[PDB]
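Q: sequence, then the experimental structure. Questions to follow.
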Amino acid sequence: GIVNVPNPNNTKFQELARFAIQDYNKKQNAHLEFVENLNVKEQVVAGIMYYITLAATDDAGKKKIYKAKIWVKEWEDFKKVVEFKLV
């Protein structure tokens with residue numbers, strides 16, 4: 001079950017999306033820039049599974065909506081981007 005996070009562009013979430021954009025830019029040799037999260041949803045798995053929908057600029061500063069699915073286990077300070085794409 002995926003459920004809505006009520007404060008999705010908070011502190012913690014903007015840092016979860018900035019980490020995925022940095023995972024992405026390093027692995028793709030790309031230059032996306034996070035602007036803002038638009039929505040966050042979550043599923044309980046072996047930890048939590050976050051479906052974040054966000055805006056990033058592509059260098060030309062052109063805005064695009066992306067979606068990252070990141071697996072995180074708080075307790076073992078584990079962050080892992082399972083997917084990243086355009087919506």
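A: Done, it's in. Numbers count the residues shown, from 1 in each chain.
Q: C-alpha only now, for contacts and for neighbours.
A: Noted.
Q: show me what the strand ranked longest in the chain is in contact with.
A: Identified as the longest strand of the chain according to DSSP state E is strand 32-45. Here strand 32-45 makes contact (CA atoms under 8 Å, 6 or more residues apart in numbering) with 1-6, 8-9, 13-14, 17-18, 21, 25, 48-59.
Q: give me the buried entries from these.
A: For the contacts of strand 32-45, a burial check counting by 16 or more other CA atoms under 10 Å picks out 8-9, 13-14, 17-18, 21, 49-56.
Q: mind checking which residue lies nearest the centre of this protein?
A: Note on the chain: the residue nearest the mean C-alpha position is residue 17, at 3.3 Å, using CA atoms, centre = their mean.
Q: residues in contact with that one?
A: 34, 37, 52, 54, 68.
Q: let's see it at 6 Å
A: If you count contacts by CA atoms under 6 Å, 6 or more residues apart in numbering, residue 17 has none.
Q: so which helix or strand takes in it?
A: helix 11-28 (DSSP states H and E).
Q: now, among the buried ones among the contacts of strand 32-45, which is nearest to residue 87?
A: Nearest to residue 87 out of the buried ones among the contacts of strand 32-45 is residue 53 (CA to CA; 8.0 Å).
Q: how close does that closest one get to residue 77?
A: 22 Å (CA to CA, to the nearest Å).
Q: wait, residue 81 sits on residue 70?
A: Yes: look at residue 81 against residue 70 with CA atoms under 6 Å: they come within range, at 4.3 Å.
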